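*Asks:*
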Amino acid sequence: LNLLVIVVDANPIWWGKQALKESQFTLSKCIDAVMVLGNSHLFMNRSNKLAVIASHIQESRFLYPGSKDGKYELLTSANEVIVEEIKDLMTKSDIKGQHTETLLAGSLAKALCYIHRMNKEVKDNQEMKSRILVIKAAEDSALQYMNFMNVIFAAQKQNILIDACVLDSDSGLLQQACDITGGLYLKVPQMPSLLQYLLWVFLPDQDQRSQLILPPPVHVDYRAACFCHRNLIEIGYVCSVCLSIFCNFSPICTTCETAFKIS
Amino acid sequence: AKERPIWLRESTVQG
Amino acid sequence: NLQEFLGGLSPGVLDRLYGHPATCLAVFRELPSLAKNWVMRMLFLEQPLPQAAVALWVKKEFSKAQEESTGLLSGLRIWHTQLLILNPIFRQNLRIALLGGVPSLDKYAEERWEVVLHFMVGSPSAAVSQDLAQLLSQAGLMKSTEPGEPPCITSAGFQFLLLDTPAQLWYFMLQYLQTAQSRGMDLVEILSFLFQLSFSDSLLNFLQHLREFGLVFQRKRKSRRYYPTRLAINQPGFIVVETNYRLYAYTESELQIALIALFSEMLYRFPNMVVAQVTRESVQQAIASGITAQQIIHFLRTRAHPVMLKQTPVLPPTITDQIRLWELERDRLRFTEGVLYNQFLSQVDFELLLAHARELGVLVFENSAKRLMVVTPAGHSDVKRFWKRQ
Amino acid sequence: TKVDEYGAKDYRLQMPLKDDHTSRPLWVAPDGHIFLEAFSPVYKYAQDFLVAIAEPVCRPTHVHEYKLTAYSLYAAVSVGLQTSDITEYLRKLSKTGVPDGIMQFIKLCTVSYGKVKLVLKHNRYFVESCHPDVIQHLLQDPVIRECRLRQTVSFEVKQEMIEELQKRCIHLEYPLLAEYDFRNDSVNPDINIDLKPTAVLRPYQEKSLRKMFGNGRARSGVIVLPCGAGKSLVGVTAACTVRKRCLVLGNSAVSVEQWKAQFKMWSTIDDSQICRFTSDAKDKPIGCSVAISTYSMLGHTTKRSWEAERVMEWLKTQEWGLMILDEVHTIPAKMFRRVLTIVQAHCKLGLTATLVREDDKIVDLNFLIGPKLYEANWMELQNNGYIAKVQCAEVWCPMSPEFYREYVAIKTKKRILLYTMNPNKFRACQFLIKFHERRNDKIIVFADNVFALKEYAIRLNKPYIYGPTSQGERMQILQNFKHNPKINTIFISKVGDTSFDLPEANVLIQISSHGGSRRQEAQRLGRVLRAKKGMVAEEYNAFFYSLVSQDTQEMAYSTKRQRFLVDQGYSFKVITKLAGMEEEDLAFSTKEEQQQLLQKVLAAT
Ligand SMILES: [Zn+2]
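Protein chains in written order, with the deposited numbering: chain 4, 8 to 72, 95 to 292; chain W, 274 to 288; chain 2, 18 to 100, 108 to 125, 145 to 242, 255 to 289, 303 to 458; chain 7, 51 to 200, 266 to 720.
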């Protein structure tokens with residue numbers, strides 16, 4: 008079976024900037040598209056299961072743990110729960126000017142541990158191939174690099190595919206993230222037509238991904254930079270303690286305070 | 274080596 | 018399989034069968050690997066697309082999957098070339121199906156099916172139902188020929204009996220549908236209910264038959280609401309086999325003992341166990357009744373006690389081989405109706421007749437050295453007409 | 051007594067079911083049949099108890115089958131198991147209770163034991179009994195008075276009529292006690308025989324000896340053990356423990372020679388103290404005590420030499436502490452059974468490896484010697500590695516058309532010489548021997564028909580042995596088979612199964628069979644059971660092929676012949692066809708060769 012987890016980056020600052028701009032694309036349509044993708048995923052097979060996570064500057068909250098319109102009961106429950114919970118989360122939110130960058134690393138951490146919990150509870154007879162369909166919508170924060178890298182390595186070890194679906198911006202950190210675990214990376218430029226992309230590129234699971242034509246991966250610039258400047262550097266002088274990329278040879282690296290002996 | 278014969282290892286009946 | 022059942026249908030019945038509630042989803046689940054993805058892709062398109070794109074949308078490796086999926090869904094007629109847009113009705117219904125618009148039950152199903160099998164076998168005590176009896180008689184697994192005397196069991200009946208419960212029930216329902224058309228019950232209406240289960256007068260009678268089979272149980276004096284059993288949507305073994313053709317079965321239900329006695333000689337019956345012997349007499353008796361060794365081996369394997377699961381193979385080779393040899397000896401002499409030829413003046417005419425018989429499929433066997441052959445009586449008329457025509 | 055709609059008897063209303071049936075792994079049928087589970091955690095304990103009180107009839111891998119009778123219950127009481135001591139534990143072990151019929155049967159069998167005891171003293175057999183009422187009501191039939199020679268009440272009985280009286284008492288419900296109190300016996304001085312430390316006793320051998328020596332008094336009975344298991348060692352140990360005069364009875368010259376060799380090898384008793392009462396060689400039988408003779412030696416009915424009269428009279432006069440009889444399956448024969456009454460012994464132990472026969476005279480052994488004390492588990496020995504694992508197989512050879520034509524056409528019994536000699540079986544054996552010969556496996560071909568054996572042997576230019584074969588040539592052929600690498604096959608006739616000490620062989624082909632003789636089948640199978648130095652049970656190094664001809668009476672004989680082996684647990688795999696036979700070149704590859712063989716068979720007459 009397959010356990011899909013959709014990490015929606017619903018950053019109120021950026022999405023409300025769209026709302027002010029009165030652009031055609033809106034967070035409501037984005038949520039509807041993600042809802043449709045989840046419904047189709049569960050449509051694929053009974054054993055398949057999904058989950059949803061919403062991201063905010065403060066925290067990240069799960070959006071998912095008759096036939097009035099003649100509808101399938103389970104997908105009806107999914108529709109109602111996600112709609113109500115997302116409206117609640119967006120309507121109620123404190124204001125903190127100091128912190129406005131969207132949070133994604135913690136959401137991915139919650140996702141990863143959730144997949145671990147499901148993998149433990151599920152019967153050993155059936156093998157579960159989990160996936161994380163990250164949907165970024167705003168620029169990332171510089172301060173989150175270390176934690177995001179740790180969670181990405183945890184995902185690599187645990188065999189989970191981070192399928193990034195960034196839109197309106199190309200986060201080098203997120204593209205680097207998906208490259209490590211081998212997840213696909215699609216940058217949709219036509220936001221109104223986003224859902225056609227998900228039902229074709231992302232929706233197919235790892236089992237059939239290899240035997241299918243999908244957009245080629247984007248080149249990843251694995252840049253390195255000194256802590257002095259944050260500028261690209263091809264030669265780094267790291268020590269045996271900090272393991273920090275530095276600019277030029279120095280008597281002692283500041284972040285270490287070690288008694289380096291010249292030679 | 275010293276492996277058992279085919280006709281004893283597996284059934285030779287046509288089924 | 019259900020794929021076979023739906024494949025054997027016309028377009029006119031197909032589109033009607035694609036009802037809004039469930040059919041578009043039940044037939045979707047059938048789609049093995051790739052057709053599901055392709056359906057989701059061309060679920061929001063109102064413009065047909067060229068066939069070459071579908072052809073080239075699967076890598077060179079594993080293209081046979083693409084070909085088989087396309088052929089299967091062409092048979093289902095989900096789309097039309099229109100030159108590959110999906111059927112508008114199916115598209116709308118599927119969109120409406122995609123964001124648009145118990146412990147006592149299983150025991151009841153088990154008990155009802157067990158009593159049905161008890162009636163199927165010559166059990167003096169069994170549930171009585173004239174409709175069920177006649178339905179099984181016309182299902183092809185039973186023949187009475189005398190209403191006063193209880194119907195006997197035909198050769199196909201034993202083969203059906205030894206099948207596993209899932210396959211047994213599925214084949215039984217397949218025959219139910221085929222006979223539903225014969226009796227005049229609309230096939231589409233009854234079929235849609237089965238799909239709706241896994242998520255009118257004809258409906259009431261059909262539900263009565265299902266409740267008789269034990270798949271459903273109203274539990275409220277035949278109310279509108281029903282609670283399907285586990286079998287409606289669609303266990304450890306107990307037999308221990310020795311190397312001396314001895315079976316020790318931990319059976320308390322009389323059905324299992326009867327099934328074992330169909331192809332073994334019973335020796336002792338303990339409260340929680342029974343001892344039987346698989347002898348030539350019993351095995352050949354079953355083979356004469358119509359069973360073949362494959363069903364017996366499969367039945368013993370599926371009802372295999374956990375003790376013998378450790379050994380590989382589960383069933384001892386000597387037992388399996390002996391059963392197979394016993395069935396083979398019975399059909400050592402293969403009988404085939406035919407007509408022989410004699411006194412061929414010239415081999416050229418014999419060869420020409422042989423070629424004609426090969427073309428028509430009439431020939432069954434030929435002997436060039438002896439200049440003779442055998443033809444079935446059905447082809448005897450054809451070859452006789454050819455000879456008269458000269 | 052109650053029969054279901056099917057063949058099986060109904061016991062739903064007979065006995066109940068224990069609530070902890072899963073915990074209890076034992077079953078008890080009213081007829082006495084018991085079905086034990088070989089997968090239960092307490093299987094070993096149940097096995098020991100059920101072996102103590104019952105005799106196996108079928109011991110497959112999963113569910114063993116035992117049945118108890120009067121003799122088995124008497125043996126249990128002899129090893130000291132009281133009616134409660136057995137029935138209480140039987141009820142505890144039983145998962146479905148104990149039927150009242152079995153309860154009363156056990157009570158009656160146990161109580162009717164020990165009341166009548168037979169003790170021989172000063173060459174006189176006294177029927178002692180502490181209870182006098184037993185004799186008082188036992189002297190109803192006139193046979194007792196005519197038999198008798200013309266508390267603790269005892270009366271002397273005639274030597275000759277002992278067998279008749281014994282079988283009479285068995286059905287009279289008062290079994291006789293043959294226990295020998297060798298520990299307390301001053302009439303016959305103990306012999307200077309001791310068991311050297313070199314001899315090693317296997318666990319099953321020790322268990323059998325313990326069952327025989329349930330108490331300080333040795334019990335007279337039959338211990339069935341495989342020929343390769345060391346039954347000779349067990350017998351030597353029994354004699355050494357008895358420490359009194361022992362008379363071992365073989366069945367042939369090879370048997371007496373092997374018994375003497377075993378005595379010297381495993382017992383410290385000096386060579387001069389052992390004699391061979393054989394006509395070909397006499398070692399002063401009267402001089403020493405421990406003696407080895409044979410059934411024909413003692414029971415001979417016709418003329419006797421003067422020296423052999425002197426020896427026989429000495430044997431009759433003396434009293435023997437132990438009377439070992441190997442190959443007890445031949446005892447119920449007329450002449451052989453006369454030896455039991457001819458000689459006097461306190462306990463007559465019996466050893467053998469194939470205790471099976473067609474005529475229902477095996478039951479007579481229970482009273483002729485005693486109850487079957489022990490019967491080793493062949494499958495357990497295979498698992499323990501004491502006996503080489505055997506891949507038992509039955510190669511089906513389709514009969515050639517012409518051969519079948521004459522076979523079916525003639526209603527006479529030339530078929531025994533016909534179906535035993537057919538081209539397909541000839542090629543099958545030739546190919547099989549070739550395959551094993553290139554595999555460096557020792558082959559011991561068997562065939563009842565000497566004519567067929569000779570024809571096969573000449574066509575394959577192999578060293579066939581048979582009855583009238585000279586002893587020197589027999590020994591030369593056996594020595595070449597054991598030593599010479601160039602030769603790895605010997606074609607032995609029926610004489611092979613009688614008695615021999617042959618080298619361990621990796622395969623044993625049997626082209627022909629004497630008939631439906633479980634004795635012959637087991638006897639010939641025992642040859643390859645010789646465990647190798649470092650083999651393994653799962654390797655199936657040993658093989659046994661019983662070639663049969665399809666659609667012929669040989670199939671009936673084979674199926675009727677493998678009953679004892681399947682009862683032990685061996686699974687005979689059927690081989691319809693052999694891979695590589697078509698490619699391999701074999702004799703009788705053309706119709707003419709089969710025609711010549713058929714003509715010779717017809718001319719055989
Ligand atoms: Zn440092």
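For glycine and all other residues, C-beta sits at the position ideal for the given N, C-alpha and C.
Report the three-state DSSP secondary structure of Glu168 (chain 4) (helix, strand or coil).
*Replies:* Residue state, collapsed to three classes: coil.
*Asks:* Please go through the same chain and pick out, in chain order, the residues whose beta-carbon is closer than 8 Å to the beta-carbon of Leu241 (chain 4), but skip the five residues on each side of it.
*Replies:* Excluding residues within five positions, the ones whose Cβ falls inside 8 Å are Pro233.
*Asks:* I want to check one thing, is the minimum distance from the CB of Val270 (chain 4) to the heavy atoms of ligand 1 below 6 Å?
*Replies:* Correct: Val270 (chain 4) has its Cβ closer than 6 Å to ligand 1.
*Asks:* What are the boundary residues of the beta strand (DSSP E) that includes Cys142 (chain 4)?
*Replies:* Where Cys142 (chain 4) is concerned, there is no enclosing beta strand (DSSP E), although the alpha helix (DSSP H) it sits in stretches over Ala134 to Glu150.
*Asks:* Please compile the residues from chain 7 whose C-beta is within a distance smaller than 7 Å of the C-beta of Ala329 (chain 2).
*Replies:* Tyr56, listed in chain order.
*Asks:* Please classify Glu283 (chain W): is it buried, with 16 or more other beta-carbons within 10 angstroms of its beta-carbon, or exposed?
*Replies:* Label assigned to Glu283 (chain W): exposed.
*Asks:* Cβ-heavy atom distance between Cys257 (chain 4) and ligand 1 below 6 Å?
*Replies:* No.
*Asks:* Could you work out which residues of chain W lie near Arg392 (chain 2), taking near to mean beta carbons separated by less than 9 Å?
*Replies:* Result: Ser284, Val286, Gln287 and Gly288.
*Asks:* Is there at least one non-hydrogen atom of ligand 1 closer than 6 Å to the beta-carbon of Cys282 (chain 4)?
*Replies:* For ligand 1, at least one heavy atom lies less than 6 Å from the Cβ of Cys282 (chain 4).
*Asks:* Give, in chain order, every unbroken run of the beta strand (DSSP E) that is at least 3 residues long and sits entirely within the region 327 to 395 of chain 7.
*Replies:* Runs of the beta strand (DSSP E) inside the region 327 to 395 of chain 7: 337 to 339, 361 to 365 and 389 to 391.
*Asks:* By the criterion of Cβ-Cβ separation under 8 Å, what are the contact partners of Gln240 (chain 4) in chain 2?
*Replies:* The answer, in chain order, is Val75, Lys76, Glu78, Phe79 and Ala82.
*Asks:* For ligand 3, any of its heavy atoms closer than 6 Å to the Cβ of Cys285 (chain 4)?
*Replies:* For ligand 3, the structure offers nothing, since it holds only ligand 1.
*Asks:* Comparing alpha-carbon positions, which option in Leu413 (chain 7), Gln714 (chain 7), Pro66 (chain 7) and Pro618 (chain 7) lies nearest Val78 (chain 7)?
*Replies:* That would be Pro66 (chain 7), whose Cα lies nearest to the Cα of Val78 (chain 7).
*Asks:* Could you please tell me which residues of the region 78 to 111 of chain 7, in chain order, have their CB closer than 9 Å to any CB of chain 2?
*Replies:* Here the close residues are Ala79, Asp81, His83, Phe85, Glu87, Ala88, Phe89, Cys108, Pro110 and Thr111.
*Asks:* Quick check on this structure: which residue in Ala437 (chain 2), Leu431 (chain 2), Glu267 (chain 2) and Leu330 (chain 2) has the alpha carbon closest to the alpha carbon of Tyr56 (chain 7)?
*Replies:* For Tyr56 (chain 7), the nearest C-alpha among the options comes from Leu330 (chain 2).
*Asks:* Beta-carbon of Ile690 (chain 7) versus every beta-carbon of chain W: anything under 7 Å?
*Replies:* With 7 Å as the cut-off, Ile690 (chain 7) counts as an interface residue toward chain W.
*Asks:* According to DSSP, simplified to helix, strand and coil, what is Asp60 (chain 7)?
*Replies:* Strand.
*Asks:* Going by alpha carbons, who is nearest to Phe231 (chain 4) out of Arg369 (chain 2), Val451 (chain 2) and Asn54 (chain 2)?
*Replies:* The shortest Cα separation from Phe231 (chain 4) among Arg369 (chain 2), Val451 (chain 2) and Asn54 (chain 2) belongs to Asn54 (chain 2).
*Asks:* Any contact between the region 561 to 568 of chain 7 and the region 606 to 615 of chain 7? By contact I mean 3 or more CB pairs, one from each, below 8 Å.
*Replies:* Because the criterion of three Cβ pairs below 8 Å is met, the region 561 to 568 of chain 7 and the region 606 to 615 of chain 7 touch.
*Asks:* Can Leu199 (chain 7) and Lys273 (chain 7) be called in contact, C-beta distance under 7 Å?
*Replies:* Yes, the pair counts as a contact, with Cβ atoms nearer than the cut-off.
*Asks:* Could you spell out the range, first to last residue, of the beta strand (DSSP E) harbouring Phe561 (chain 7)?
*Replies:* Element bounds for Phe561 (chain 7): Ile558 to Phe561.
*Asks:* Just tell me which of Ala396 (chain 7), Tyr489 (chain 7) and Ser664 (chain 7) has its CA closest to the CA of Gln97 (chain 7).
*Replies:* With distances taken between Cα atoms, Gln97 (chain 7) lies closest to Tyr489 (chain 7).
*Asks:* Restricting to runs no shorter than 3 residues, where is the beta strand (DSSP E) found entirely within the region 188 to 270 of chain 4?
*Replies:* None, since the region 188 to 270 of chain 4 contains no complete beta strand (DSSP E) of that length.
*Asks:* At 7 Å on the CB atoms, spell out the chain W contacts of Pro385 (chain 2), in chain order.
*Replies:* Chain W residues near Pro385 (chain 2): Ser284.
*Asks:* Can you list, in chain order, the residues of its chain with a C-beta nearer than 6 Å to that of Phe203 (chain 2)? Leave out the 5 residues immediately preceding and following it.
*Replies:* Counting only Cβ-Cβ distances below 6 Å, and skipping sequence neighbours, we find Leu184.
*Asks:* Write down the C-beta distance between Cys512 (chain 7) and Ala543 (chain 7) rounded to the nearest angstrom, noting that I regard them as a contact closer than 8 Å.
*Replies:* That belief holds up - the Cβ atoms of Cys512 (chain 7) and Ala543 (chain 7) are roughly 5 Å apart, short of 8 Å.
*Asks:* I'd like to know whether the C-beta of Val129 (chain 7) is nearer than 7 Å to at least one C-beta of chain 2.
*Replies:* No, no contact with chain 2.
*Asks:* Going by CA-CA distance only, name the one from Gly358 (chain 2), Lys186 (chain 2) and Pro167 (chain 2) that's closest to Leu323 (chain 2).
*Replies:* Considering only alpha carbons, the answer is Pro167 (chain 2).
*Asks:* Does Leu693 (chain 7) have its Cβ less than 7 Å from a Cβ in chain W?
*Replies:* Chain W contact via Cβ: present.
*Asks:* Determine the extent of the beta strand (DSSP E) in which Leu568 (chain 7) is found, giving its start and end residues.
*Replies:* Note, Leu568 (chain 7): premise wrong, no beta strand (DSSP E); alpha helix (DSSP H) at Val565 to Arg574.
*Asks:* For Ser627 (chain 7), collect the residues of the same chain with a Cβ closer than 7 Å to its Cβ; drop the 5 residues on either side in sequence, then sort them by chain order.
*Replies:* Only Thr535, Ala562, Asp563, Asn564 and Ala567 meet the Cβ criterion.
*Asks:* Could you please tell me which residues of the region 500 to 525 of chain 7, in chain order, have their CB closer than 7 Å to any CB of chain W?
*Replies:* If the cut-off is 7 Å between Cβ atoms, the region 500 to 525 of chain 7 has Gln506 and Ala508 near chain W.
*Asks:* Near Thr284 (chain 4), which residues of its chain fall below 6 Å by C-beta distance, leaving aside the five closest residues on each side in sequence?
*Replies:* Excluding positions up to five away in sequence, the list reads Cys271 and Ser273.
*Asks:* What are the boundary residues of the alpha helix (DSSP H) that includes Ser106 (chain 4)?
*Replies:* Note, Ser106 (chain 4): alpha helix (DSSP H), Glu102 to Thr120.
*Asks:* Would you report the Cα separation of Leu108 (chain 2) and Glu63 (chain 2), rounded to the nearest angstrom?
*Replies:* If you take the alpha carbons of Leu108 (chain 2) and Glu63 (chain 2), they lie about 10 Å apart.
*Asks:* Provide the residue span of the beta strand (DSSP E) that contains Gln345 (chain 2), from first to last.
*Replies:* Here the beta strand (DSSP E) through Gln345 (chain 2) covers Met341 to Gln345.
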